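> Pasting a structure below so you can have a look.
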Amino acid sequence: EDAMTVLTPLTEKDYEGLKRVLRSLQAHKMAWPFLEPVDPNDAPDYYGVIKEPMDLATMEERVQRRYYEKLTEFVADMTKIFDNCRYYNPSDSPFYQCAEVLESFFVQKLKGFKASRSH
Ligand SMILES: COC(=O)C1CCN(C(=O)NC(C)(C)C)CC1
């Protein structure tokens with residue numbers, strides 16, 4: 001990550017862009033596994049092996065409350081969604097596949113956001 005991602009405080013204008021990025025991911029066809037916290041009745045061992053769970057509804061709550069102070073912190077929570085999924089599930093599972101697709105989409109949208117901050 002470059003300097004302004006790490007170092008620049010998020011302004012109110014930045015927050016309007018973060019809301020747009022988040023809603024784009026929530027609307028993606030492959031986002032279904034990640035919209036809400038993992039249901040323990042689906043996977044009784046999940047919360048014993050994943051130390052720091054994350055999901056898009058938790059990120060929405062955090063955006064609304066202005067939890068994030070730097071872009072790096074927002075990127076770190078999003079990356080945790082995908083890394084948790086690739087650690088828990090095998091590489092041939094549809095869950096793992098969805099993480100691959102949605103992370104690529106996030107990177108496209110994140111590049112767009114970064115370009116819009118400065119010029
Ligand atoms: C992002 O979601 C996940 O990583 C969980 C979601 C719940 N899940 C399953 O329903 N898989 C079983 C039934 C085969 C255990 C495990 C993976």
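Residues are named by chain letter and number: chains run A, B, ... in the order of the structure tokens, numbers start at 1 in each chain, and ligands are numbered from 1 in the order shown.
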Would you write out, as a Markdown table, a table of all residues in chain A that have an atom no more than 6 Å from an atom of ligand 1, listing for each the closest atom pair and the distance in Å to one decimal, considering only C-alpha atoms and all ligand atoms and ordering rows by chain and rising residue number?

| residue | atom | partner | partner_atom_place_in_ligand_line | distance |
| --- | --- | --- | --- | --- |
| A:33 | CA | ligand 1 | 1 (C) | 4.7 |
| A:34 | CA | ligand 1 | 1 (C) | 5.3 |
| A:38 | CA | ligand 1 | 6 (C) | 5.4 |
| A:42 | CA | ligand 1 | 10 (O) | 4.7 |
| A:43 | CA | ligand 1 | 15 (C) | 4.4 |
| A:85 | CA | ligand 1 | 4 (O) | 4.6 |
> Would you output that residue set with C-alpha atoms, as a PDB file, in the first residue's frame?

ATOM      1  CA  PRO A  33     -21.686 -16.478   1.861  1.00  0.00           C
ATOM      2  CA  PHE A  34     -20.388 -13.196   3.391  1.00  0.00           C
ATOM      3  CA  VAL A  38     -21.381 -17.419   9.862  1.00  0.00           C
ATOM      4  CA  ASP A  42     -24.233 -24.634   9.852  1.00  0.00           C
ATOM      5  CA  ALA A  43     -20.657 -25.165  11.135  1.00  0.00           C
ATOM      6  CA  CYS A  85     -12.806 -18.313   4.046  1.00  0.00           C
TER       7      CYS A  85
END
> List as a JSON list (two decimals) with N, CA, C and O atoms, in the first residue's frame the protein and nucleic acid residues near stretch 90-98 of chain A, meaning an atom at most 12 Å away when only C-alpha atoms are counted, but skip any in the same chain fewer than 2 places from it.

[["chain", "number", "residue", "atom", "x", "y", "z"],
["A", 25, "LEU", "N", -20.28, -4.53, -3.29],
["A", 25, "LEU", "CA", -19.97, -5.90, -2.88],
["A", 25, "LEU", "C", -21.20, -6.63, -2.36],
["A", 25, "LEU", "O", -21.41, -7.79, -2.69],
["A", 28, "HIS", "N", -23.23, -8.06, -5.24],
["A", 28, "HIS", "CA", -22.57, -9.02, -6.16],
["A", 28, "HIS", "C", -23.19, -10.41, -5.99],
["A", 28, "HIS", "O", -23.47, -10.84, -4.87],
["A", 29, "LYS", "N", -23.39, -11.14, -7.10],
["A", 29, "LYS", "CA", -24.03, -12.47, -7.02],
["A", 29, "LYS", "C", -23.30, -13.50, -6.14],
["A", 29, "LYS", "O", -23.94, -14.35, -5.54],
["A", 30, "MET", "N", -21.97, -13.42, -6.10],
["A", 30, "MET", "CA", -21.13, -14.32, -5.30],
["A", 30, "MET", "C", -20.87, -13.85, -3.86],
["A", 30, "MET", "O", -20.07, -14.47, -3.15],
["A", 31, "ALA", "N", -21.55, -12.79, -3.41],
["A", 31, "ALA", "CA", -21.40, -12.29, -2.01],
["A", 31, "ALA", "C", -22.25, -13.03, -0.99],
["A", 31, "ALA", "O", -22.09, -12.80, 0.22],
["A", 32, "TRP", "N", -23.16, -13.90, -1.44],
["A", 32, "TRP", "CA", -24.08, -14.59, -0.52],
["A", 32, "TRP", "C", -23.44, -15.26, 0.72],
["A", 32, "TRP", "O", -24.03, -15.17, 1.78],
["A", 33, "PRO", "N", -22.23, -15.88, 0.62],
["A", 33, "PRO", "CA", -21.69, -16.48, 1.86],
["A", 33, "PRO", "C", -21.26, -15.48, 2.96],
["A", 33, "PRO", "O", -21.06, -15.88, 4.11],
["A", 34, "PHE", "N", -21.11, -14.20, 2.59],
["A", 34, "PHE", "CA", -20.39, -13.20, 3.39],
["A", 34, "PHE", "C", -21.28, -12.06, 3.90],
["A", 34, "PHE", "O", -20.78, -11.16, 4.59],
["A", 38, "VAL", "N", -21.22, -15.97, 10.02],
["A", 38, "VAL", "CA", -21.38, -17.42, 9.86],
["A", 38, "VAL", "C", -22.33, -17.93, 10.95],
["A", 38, "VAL", "O", -22.22, -17.54, 12.12],
["A", 81, "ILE", "N", -12.27, -11.18, 5.73],
["A", 81, "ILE", "CA", -13.40, -11.98, 5.22],
["A", 81, "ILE", "C", -12.89, -13.09, 4.27],
["A", 81, "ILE", "O", -13.21, -14.27, 4.40],
["A", 82, "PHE", "N", -12.05, -12.70, 3.30],
["A", 82, "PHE", "CA", -11.58, -13.62, 2.26],
["A", 82, "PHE", "C", -10.53, -14.60, 2.81],
["A", 82, "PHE", "O", -10.56, -15.79, 2.47],
["A", 83, "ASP", "N", -9.60, -14.10, 3.62],
["A", 83, "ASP", "CA", -8.59, -14.99, 4.23],
["A", 83, "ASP", "C", -9.19, -16.03, 5.19],
["A", 83, "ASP", "O", -8.78, -17.19, 5.18],
["A", 84, "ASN", "N", -10.19, -15.62, 5.99],
["A", 84, "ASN", "CA", -10.87, -16.59, 6.86],
["A", 84, "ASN", "C", -11.49, -17.73, 6.03],
["A", 84, "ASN", "O", -11.41, -18.91, 6.38],
["A", 85, "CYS", "N", -12.10, -17.35, 4.91],
["A", 85, "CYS", "CA", -12.81, -18.31, 4.05],
["A", 85, "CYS", "C", -11.84, -19.31, 3.38],
["A", 85, "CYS", "O", -12.11, -20.52, 3.35],
["A", 86, "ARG", "N", -10.70, -18.81, 2.91],
["A", 86, "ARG", "CA", -9.70, -19.69, 2.27],
["A", 86, "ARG", "C", -8.95, -20.57, 3.26],
["A", 86, "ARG", "O", -8.45, -21.62, 2.86],
["A", 87, "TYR", "N", -8.89, -20.18, 4.53],
["A", 87, "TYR", "CA", -8.28, -21.01, 5.60],
["A", 87, "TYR", "C", -9.25, -22.09, 6.09],
["A", 87, "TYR", "O", -8.84, -23.23, 6.33],
["A", 88, "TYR", "N", -10.52, -21.74, 6.26],
["A", 88, "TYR", "CA", -11.50, -22.71, 6.77],
["A", 88, "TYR", "C", -11.89, -23.79, 5.76],
["A", 88, "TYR", "O", -12.06, -24.96, 6.12],
["A", 100, "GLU", "N", -12.42, -16.05, -4.02],
["A", 100, "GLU", "CA", -11.56, -15.69, -5.16],
["A", 100, "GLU", "C", -12.21, -14.62, -6.05],
["A", 100, "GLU", "O", -11.60, -13.60, -6.37],
["A", 101, "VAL", "N", -13.47, -14.86, -6.42],
["A", 101, "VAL", "CA", -14.22, -13.94, -7.29],
["A", 101, "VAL", "C", -14.45, -12.58, -6.61],
["A", 101, "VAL", "O", -14.16, -11.52, -7.19],
["A", 102, "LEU", "N", -14.96, -12.62, -5.38],
["A", 102, "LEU", "CA", -15.32, -11.38, -4.70],
["A", 102, "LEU", "C", -14.08, -10.55, -4.34],
["A", 102, "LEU", "O", -14.13, -9.32, -4.42],
["A", 103, "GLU", "N", -12.95, -11.18, -3.99],
["A", 103, "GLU", "CA", -11.74, -10.40, -3.72],
["A", 103, "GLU", "C", -11.24, -9.67, -4.98],
["A", 103, "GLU", "O", -10.81, -8.52, -4.89],
["A", 104, "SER", "N", -11.29, -10.33, -6.14],
["A", 104, "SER", "CA", -10.92, -9.69, -7.43],
["A", 104, "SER", "C", -11.79, -8.46, -7.72],
["A", 104, "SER", "O", -11.30, -7.40, -8.16],
["A", 105, "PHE", "N", -13.09, -8.59, -7.45],
["A", 105, "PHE", "CA", -14.07, -7.50, -7.61],
["A", 105, "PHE", "C", -13.76, -6.35, -6.64],
["A", 105, "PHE", "O", -13.76, -5.18, -7.04]]
> Just the residues within 12 Å of residue A:114, please, counting only C-alpha atoms, with nothing from its chain fewer than 4 positions along; format it as a list in words.
residues 1, 2, 3, 4, 5, 6, 8, 10, 14, 17, 18, 21, 71, 72, 75, 107, 108, 109, 110, 118 and 119 of chain A
> So which residues touch stretch 51-58 of chain A within 7 Å, counting only C-alpha atoms, skipping near sequence neighbours fewer than 6 positions away, as number ranges by chain?
A: 34-37, 77, 80-81
> Hey, which of A:64, A:76, A:69, A:99 ends up closest to residue A:16? Count only C-alpha atoms.
A:64
> For a test of reading the model, state the distance in Å between atom CA of residue A:89 and atom CA of residue A:74, rounded to one decimal.
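A separation of 23.6 Å between them.
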> So how many Å separate atom CA of residue A:40 and atom CA of residue A:59, to one decimal?
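Distance between the two atoms: 19.4 Å.
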> Between atom CA of residue A:26 and atom CA of residue A:106, what distance in Å does the model show, to one decimal?
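Atom-to-atom, atom CA of residue A:26 and atom CA of residue A:106 are spaced 10.8 Å apart.
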